[PDB]
Every structure is written in C-alpha cells, then in structure tokens.
Amino acid sequence: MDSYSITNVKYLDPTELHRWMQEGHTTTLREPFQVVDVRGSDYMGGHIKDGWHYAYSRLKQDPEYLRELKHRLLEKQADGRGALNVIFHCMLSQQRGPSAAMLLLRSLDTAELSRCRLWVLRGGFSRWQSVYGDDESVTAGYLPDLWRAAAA
C-alpha cells in the first residue's frame, strides 16, 4: 500500500476467496492470505476454516490486542512469498469490516505498509454460508439449525 487512506482497503467477493482457499494462495500473484473474523459473540454458528478470531470491540479498546494481531500477521508474512493479503469480515455487510481494516492500517509503519494488502469480504459470514455453509472444506463449526429461515 502507498498511504493511510481508506481507498487502500479493497473488497473481495465470496467466490474469489473460495478460489484462493482451493488453490492455497491468491490467483494473481500467488501470495498468501489470512482471514480475520472480527465478530463478537455473533461468531457463533460457523466460521471460515483456518481464519483467526479477533473481536472488533477488543481490537478497538485494547491497543495490546491490536498489536498482537499485527505482530502475528507480519510474522506470517515474513516467512511467505510477497505481501500478505489480510481479509476482514463481519456478520453482514457492516461498517465494522472496513473500520477493522483501518485500525490495522493505521497501526502500520511506512516500512510495513508494503508488507500487507487489506481486504474486506463483501457480505460477511452471512453471505458466505448461504453459498459455502455446508462445504466442510472451507467452513468450520457450521450449525445449519441456526440459519434455518422457516424453522420452529
């Protein structure tokens, strides 16, 4: 990235993330990626496989928590190819997704700006599960019952 502007935050569709997961890296530059689920208690009911769970509320209130995430991400990037593609997502298409990305972006030094690419998954986990919810290879801890529209 080149600056600390909101325009540096990119958006990804579920179909493209799924493709990255199938291949094990991004399609264009073959770079690594890491999903960061920033939901709180609404994390319940299923999540993207191999993603990390860092609640937005705590990232925003605890600088040490944000620092921990940054450190983990950069540590993973150091042993990988090129820049690490970090993907943030919420439950739905919410403002907390890009806000979480901005929190990380603002915590990066000018030297670390080039080590990451920031993305937000359009639609959140809600859109994700409507398509890949029952796909065991990309979704973990899924509870079909909770997402039933016309249940009990």
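Within each chain the first residue of the written sequence is number 1 and the count goes on from 1 in that order, possibly differing from the entry; residues lacking coordinates are omitted. In computing side-chain properties, one takes all heavy atoms of the structure into account and sets aside hydrogens as well as water. Residues with missing side-chain atoms are left out of burial classes, side-chain pairs and their counts.

## What about the overall build of the protein chain?
- Each helix is a run of DSSP H or I of at least 4 residues and each strand a run of E of at least 2, with the numbering of both proceeding from the N terminus. Counting secondary structure elements, the protein chain contains six helices and seven strands.
- Helices (α) and strands (β) of the protein chain occur, in sequence order from the N terminus, as β-α-β-β-β-α-α-β-α-β-α-β-α.
- In this description the radius of gyration comes from C-alpha coordinates, and the expected globular size is given by 2.2 Å times residues to the power 0.38. In terms of overall dimensions, the protein chain is globule-like: its C-alpha atoms have a radius of gyration of 15 Å, near the 15 Å expected for 152 residues.
- Structurally, the protein chain occupies a C-alpha span of about 55 × 35 × 25 Å along its principal axes.
- In this analysis, two residues are considered to be in contact whenever any of their non-hydrogen atoms come within 4.5 Å of each other. Summarising the internal contacts of the protein chain: among those between residues at least 6 apart in sequence, 68% fall at separations of at least 24.

## Looking at the nonpolar core
- One finds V38, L69, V86 and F88 to be the most contacted residues of the largest nonpolar core, which totals 26 residues.
- Every element with two or more residues in this core is listed here: helix 2 (56-61), helix 3 (63-78), strand 5 (84-89), helix 4 (96-106) and strand 6 (116-121).
- Leave out the neighbours within four places in its chain, and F88 touches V36, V38, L69, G97, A100, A101, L104, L118, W119, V120 and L121.
- Among the nonpolar cores identified, the runner-up in size contains 14 residues, and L12, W20, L121 and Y132 belong to it. In plain words, nonpolar cores are sets of buried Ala, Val, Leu, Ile, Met, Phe, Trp, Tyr and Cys residues tied together by side-chain atoms within 4.5 Å. Three labels apply to residues, based on accessible area from a 1.4 Å probe with only protein chains included: buried if under 20% of the type maximum, exposed if over 50%, partly exposed otherwise in between.

## Remarks on the UniProt feature "domain: Rhodanese" in the protein chain
- UniProt tags residues 29-137 as "domain: Rhodanese".
- With 39% helix and 19% strand, residues 29-137 has its two end C-alpha atoms placed 23 Å apart. UniProt positions are given in the numbering used here, feature names are shortened, and annotations may be inferred rather than shown by experiment.

## Comments concerning the environment of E136
- Turning to its location among the elements, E136 is positioned in the loop between helix 5 (124-132) and strand 7 (139-140).
- The exposure class of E136 is exposed, given its relative accessible area of 72%.
- Sequence separation between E136 and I48 is 88 residues; the distance between their C-alpha atoms is 9.8 Å.

## Concerning the pattern of salt bridges
- Salt bridges are defined by distance alone: a side-chain nitrogen of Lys or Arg within 4 Å of a carboxyl oxygen of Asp or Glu. Applying the stated rule across the entire model yields seven salt bridges.
- In this structure, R127 and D13 form a salt bridge, with 3.5 Å as the shortest nitrogen-oxygen distance. Separated by 114 residues along the polypeptide, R127 in helix 5 and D13 in the loop between strand 1 (10-12) and helix 1 (14-23) bring together distant segments of the chain.
- Residue class for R127 comes out partly exposed when judged on its relative accessible area of 35%.
- Of the residues examined, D13 reaches a relative accessible area of 35% and is grouped as partly exposed.
- Two residues, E23 and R19, come together in a salt bridge whose shortest N-O distance is 4.0 Å. Placement of both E23 and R19 in helix 1 is noted, with a separation of four residues, approximately one turn of the helix.
- For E23, a relative accessible area of 37% corresponds to the partly exposed category.

## Considering helix 3
- In this scheme, a helix's expected span is set at 1.5 Å multiplied by one less than its residue total. Taking 1.5 Å per residue as the helical rise, helix 3 with its 16 residues ought to reach 22 Å, and the 22 Å between its terminal C-alpha atoms agrees with that figure.
- Of all the residues in helix 3, the buried ones are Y65, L66, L69, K70, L73, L74 and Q77. Buried positions in helix 3, seen along its axis, are confined to an arc of 165 degrees and lie on one side of it. Facing away from the buried surface of helix 3 by more than 90 degrees, the exposed residues are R67 and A78.
- Check the buried side of helix 3 and you find it contacts strand 2 (33-37), strand 4 (52-53), helix 2, strand 5, helix 4 and strand 6.
- Throughout this description, a polar contact denotes any pair of N or O atoms lying within 3.5 Å of each other; where both atoms belong to protein, one of them has to be capable of donating a hydrogen while the other can accept it, and for residues adjacent in sequence the pair is counted only when both atoms sit in side chains. Looking at where helix 3 begins, the residue whose side-chain oxygen comes 2.9 Å from the main-chain nitrogen of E64 is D62. In this context, the arc is that of the directions from the helix axis out to the C-beta atoms.

## Considering the pairing of strand 2
- The element strand 2 is largely enclosed, with a buried count of five among its five residues.
- Neither face of strand 2 is open: one carries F33, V35 and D37, the other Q34 and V36, and all of them are buried.
- Strand pairing requires that DSSP identify at least two bridges connecting the strands. Inspection of the sheet shows strand 2 paired to strand 5 by five bridges, in the parallel sense. Residue pairing across strands places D37 opposite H89, the latter belonging to strand 5.

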